[PDB]
Amino acid sequence: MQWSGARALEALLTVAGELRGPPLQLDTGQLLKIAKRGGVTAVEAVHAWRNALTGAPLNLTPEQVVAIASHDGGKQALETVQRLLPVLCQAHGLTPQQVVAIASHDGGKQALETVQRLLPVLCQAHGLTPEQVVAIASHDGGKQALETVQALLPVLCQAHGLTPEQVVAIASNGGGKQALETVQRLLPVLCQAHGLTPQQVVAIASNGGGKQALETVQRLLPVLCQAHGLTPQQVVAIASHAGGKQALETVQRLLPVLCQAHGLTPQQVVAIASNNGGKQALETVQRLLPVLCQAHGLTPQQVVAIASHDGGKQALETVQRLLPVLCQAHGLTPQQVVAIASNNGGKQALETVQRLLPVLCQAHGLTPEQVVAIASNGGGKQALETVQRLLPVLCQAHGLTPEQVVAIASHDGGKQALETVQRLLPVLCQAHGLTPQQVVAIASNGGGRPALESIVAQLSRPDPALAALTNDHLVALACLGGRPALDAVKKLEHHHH
DNA sequence: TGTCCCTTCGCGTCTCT
DNA sequence: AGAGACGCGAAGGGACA
């Protein structure tokens with residue numbers, strides 16, 4: 001391995017080799033993931049305790065073992081998991097999945113030991129639910145966040161007027177300790193001096209790097225309003241994503257250039273800045289605005305719309321690379337390429353439509369126009385790749401029309417909805433009398449999967465919202481408003497009677 | 001060279017309707 | 001239904017052993 005010893009690299013490769021064997025049966029991808037983030041000692045630990053982890057009272061799946069191992073200190077996490085999973089499950093109520101979720105971060109050992117130690121007091125003295133304590137714990141630095149919630153939740157509620165839910169939201173990111181301390185410290189000045197509300201301060205603090213965003217907001221809000229004419233509502237919006245600090249500094253540096261030299265409006269710059277990686281997007285639009293409107297290309301409106309998402313930089317650079325071949329070799333129009341690019345993971349959708357537009361048509365019989373519609377949503381790459389896999393079993397075994405599959409895939413989260421449909425189509429039709437017309441109709445929206453899950457929960461185990469919602473009313477509800485429609489309905493019978 | 005903590009970027013999904 | 005919100009993994013950097 002590294003430069004101390006030599007050619008017992010062989011011993012290490014042999015250890016990696018035997019992990020391809022049973023009980024874990026790991027593939028290249030999984031070994032690579034462990035080596036890249038847990039390091040050699042994590043790889044050696046997995047090998048050493050592969051039987052203990054997979055058996056006994058733990059019963060972990062290989063994917064679960066891989067998730068715990070693939071972080072700094074992973075060997076500590078695997079060791080500690082073996083020690084604490086049973087007691088956390090039995091004595092504290094948590095499920096194994098939750099224990100694994102806590103353990104699957106850098107310093108997982110510390111988080112698991114702290115949850116063991118603090119979950120009781122946090123539930124009893126502070127009123128949190130086990131679920132909330134798990135969400136706090138399930139990030140790098142989780143020990144610190146839990147200890148800081150314990151120390152500061154009282155003052156943040158009583159002196160600064162926040163709710164426990166709010167405190168939990170600030171705490172449930174990496175560097176949660178840092179954000180909670182910064183909130184305790186700057187909340188008064190941000191409200192009193194800069195005119196913000198607590199809600200806004202909370203929104204800025206409820207992301208990774210919140211500390212940095214809050215200090216940056218304290219520091220640049222004045223200049224950005226008084227010198228560049230932005231509103232405080234706009235500044236906050238920039239600041240309310242992870243990386244807000246970076247987006248704010250870049251806005252200050254590029255707002256004059258982009259409005260003067262390139263003709264964008266302030267509200268357009270803000271919209272580009274208000275996403276994760278806002279800094280990256282701003283710089284990329286400035287660099288690529290000319291060429292994207294050069295030799296024809298696109299309208300500036302369209303550049304802004306591509307830029308105005310998480311990963312916007314990746315989308316723009318992918319659009320610049322593939323627009324020509326996609327239009328020319330595959331026959332698409334720009335308006336379609338833009339529509340594919342203007343979602344989260346634009347880059348991923350484009351690349352996938354590149355390698356799958358030719359192949360979904362052939363091996364499965366879809367139109368291009370169908371294929372665009374799939375990729376023109378967030379998660380395009382996931383929808384396409386799942387259509388490729390699951391179209392055959394959906395039509396042939398479950399008897400669905402291909403146009404039906406396509407209608408399910410043609411929404412954000414399509415892969416979820418499909419994978420769910422396949423799971424829940426049988427129990428819905430044959431066991432509860434729903435038609436596949438109705439199940440397709442519930443699946444065919446955003447939040448298809450949760451809607452299907454909620455509906456089956458209510459049917460399989462008749463919940464308390466009594467029989468008046470017959471099976472067609474639940475379908476009409478599930479289509480109209482998903483899981484939220486379903487949950488709101490439950491929450492009302494609970495008190496209106 | 002491992003372990004812990006913090007910050008940023010990007011991808012994917014669901015809510016609000 | 002498009003914008004805005006949620007979650008989570010990868011990766012990189014700093015501190016300390």
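So that the names make sense, note that chain A is the first sequence line, chain B the second, and so on, each numbered from 1.
- A:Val99 pairs with exactly one of A:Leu84, A:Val115, A:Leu112 by the side chain to side chain contact (heavy atoms under 4.5 Å, CB included) rule, that one being A:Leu112.
- The number of heavy-atom neighbours closer than 6.0 Å to CD of A:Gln335, taken from other residues, nucleotides and ligands shown, is 12 or below.
- A:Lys143 and A:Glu147 are joined by a salt bridge, as a carboxylate oxygen and a charged side-chain nitrogen come within less than 4.0 angstrom of each other.
- Straight-line distance from the CD atom of A:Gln268 to the P atom of C:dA3: 13 Å, rounded to whole Å.
- Side-chain contact between A:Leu162 and A:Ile170 is present, with at least one heavy-atom pair separated by less than 4.5 Å.
- In terms of phosphate contacts, A:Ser70 brings no side-chain nitrogen or oxygen within less than 4.0 Å of OP1 or OP2 of C:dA10.
- Atoms CZ (A:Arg483) and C1' (C:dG7) sit 12 Å apart, rounded to a whole Å.
- Remark on the helix from B:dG2-C:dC16 to B:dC16-C:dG2: inter-end axis angle 10°, axes from five-pair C1' superpositions, rounded to 10°.
- Sugar puckers are classed by the sign of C1'-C2'-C3'-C4'; that of C:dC6 comes out north, on the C3'-endo side.
- If you measure from atom CD of A:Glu165 to atom P of C:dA5, you get 19 Å, rounded to the nearest angstrom.
- As rounded to whole Å, 13 Å separates atom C1' of B:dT13 from atom CD of A:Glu419.
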Reading nucleotides 4-11 of chain B from 5' to 3' and marking B where a protein heavy atom lies under 4.0 Å of the base, S where only the sugar-phosphate is that close, and - otherwise, the string is BBBBBSBB
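- A:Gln370 and A:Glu403 are linked by a side-chain donor-acceptor pair at a separation below 3.5 angstrom, with hydrogens and angles left out of the test.
- Between the side chains of A:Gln302 and A:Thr299, at least one donor N or O sits under 3.5 Å from an acceptor N or O.
- Rounded to a whole Å, the CD atom of A:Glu44 is 11 Å from the P atom of B:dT3.
- Residues passing the side-chain hydrogen bond (donor to acceptor under 3.5 Å, both in side chains) test with A:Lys33 are A:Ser70, sequence neighbours excluded.
- Using modelled atom types, one finds no donor on one side chain facing an acceptor on the other under 3.5 Å when comparing A:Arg423 with A:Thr420.
- Summarising the geometry, the separation between NE2 on A:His71 and P on C:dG12 is reported as 16 Å, rounded to the nearest angstrom.
- Residues A:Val43 and A:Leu19 have side chains in contact (heavy-atom distance under 4.5 Å, counting atoms from C-beta outward).
- Straight-line distance from the CD1 atom of A:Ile34 to the P atom of C:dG9: 15 Å, rounded to whole Å.
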